[PDB]
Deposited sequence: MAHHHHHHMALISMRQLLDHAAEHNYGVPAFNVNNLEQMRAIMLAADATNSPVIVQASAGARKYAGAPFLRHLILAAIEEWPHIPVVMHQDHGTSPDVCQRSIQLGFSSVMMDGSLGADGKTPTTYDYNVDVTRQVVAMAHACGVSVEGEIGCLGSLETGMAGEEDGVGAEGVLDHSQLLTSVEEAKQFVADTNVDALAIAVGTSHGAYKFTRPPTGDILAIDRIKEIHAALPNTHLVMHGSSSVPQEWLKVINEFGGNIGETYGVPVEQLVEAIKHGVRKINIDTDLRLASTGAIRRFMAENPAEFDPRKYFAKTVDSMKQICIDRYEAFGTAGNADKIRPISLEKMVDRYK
């Protein structure tokens, strides 16, 4: 076989279930971020999810994010790669992602087209169905979201998957985007691992997704603080708890703030340790190194490692036969 095409998310998460592991999802915004992800996936022989933020299209240009993924597939033809559109705010957005060539899209139907306003359950199912139709015609995978309110209930997860049958459901269990996830180390009362168990036990065949799952490594917070940065006491989701969640049906884990912290830490340390250097390539290399280590830490702790060459890709063309 060959990995000159992307694989669907659905295939990759089916593999996660069959072999009891999870896949961390990393955001790509530019060249150095794409290289760190791929170099880590090569080091651990893991399949890859790379996502584009809602604003990644605007920041980088749509041709560039298409062409970064193409370059990655050329340079590491042995790594299966899912290209996933994160946090689509309307069906029309996800359709442009499909036209651009993504193999997986998220229609965040919990929030309105404005991207902030929580929505009626009916609205959620409507735009999520809407996107499901145009994506499954192509073989493209769909992640939807129910819940914003802040805690997902079991019965509505069961009904929402029945009404839309997305390939993956993102659930709310007390995490959020950014570095200020918790004022204290998160305990069972602020990170509801028990609701995951309940939702998994009710839908033992649906792939669950966790947003805002950066651990926020403390040593990087300290490194930033020493070299001119100032980040107050905040905490993320410990890797230990995310490992338990994978044992209970979590297959996709969105991590973004950790890579931002590793990058900002590396530049701050380097720019102070060598104040005469001005070649960006010199500290860009020390962001690839530090981001790559975070991705390696996750691929291994999440069981993603060792699975890249166990996957026989199925084209998005043949994935149409899985839905119709």
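*Asks:* Just jot down which stretches of the deposited chain sequence have no CA coordinates, in the order they come.
*Replies:* Seq positions lacking coordinates: 1-5, 154-177.
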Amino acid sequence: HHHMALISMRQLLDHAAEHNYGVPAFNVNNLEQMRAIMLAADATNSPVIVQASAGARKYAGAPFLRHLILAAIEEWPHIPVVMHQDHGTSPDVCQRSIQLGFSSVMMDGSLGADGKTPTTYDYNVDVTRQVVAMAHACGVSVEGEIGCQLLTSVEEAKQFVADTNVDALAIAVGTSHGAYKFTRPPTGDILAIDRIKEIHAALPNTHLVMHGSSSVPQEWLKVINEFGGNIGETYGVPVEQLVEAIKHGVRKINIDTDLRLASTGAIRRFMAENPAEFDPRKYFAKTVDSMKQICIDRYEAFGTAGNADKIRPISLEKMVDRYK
From here on, numbers count along this sequence of modelled residues.
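*Asks:* Comparing 112-120 with 89-97, where is the mean C-alpha B-factor higher?
*Replies:* The stretch with the larger average C-alpha B-factor is 112-120.
*Asks:* Quick check: 127-135 versus 200-208, which has the larger average CA B-factor in the record?
*Replies:* Between 127-135 and 200-208, it is 200-208 that shows the higher mean C-alpha B-factor.
*Asks:* Using the entry's values, work out which of 82, 150, 71, 142 has the largest Cα B factor.
*Replies:* In the PDB entry, the greatest C-alpha B-factor among 82, 150, 71, 142 is found at 150.
*Asks:* How does residue 286 rank on Cα B-factor within its chain, lowest, middle or highest third?
*Replies:* For residue 286, whose C-alpha B-factor we compare with every modelled residue in the chain, the answer is the middle third.
*Asks:* Based on the entry's values, in what third of the chain does the Cα temperature factor of residue 187 lie: lowest, middle or highest?
*Replies:* Top third by C-alpha B-factor.
*Asks:* Taking the C-alpha B-factors as the PDB entry records them, is residue 214 in the lowest, middle or highest third of its chain?
*Replies:* Its C-alpha B-factor belongs to the middle third of this chain's values.
*Asks:* If you rank every modelled residue in this chain by C-alpha B factor, which third holds residue 221: lowest, middle or highest?
*Replies:* According to the entry, residue 221 has a C-alpha B-factor in the chain's highest third.
*Asks:* By the record's CA B-factor, is residue 241 among the lowest, middle or highest third of residues in the chain?
*Replies:* As the PDB entry reports it, the C-alpha B-factor of residue 241 lands in the highest third of its chain.
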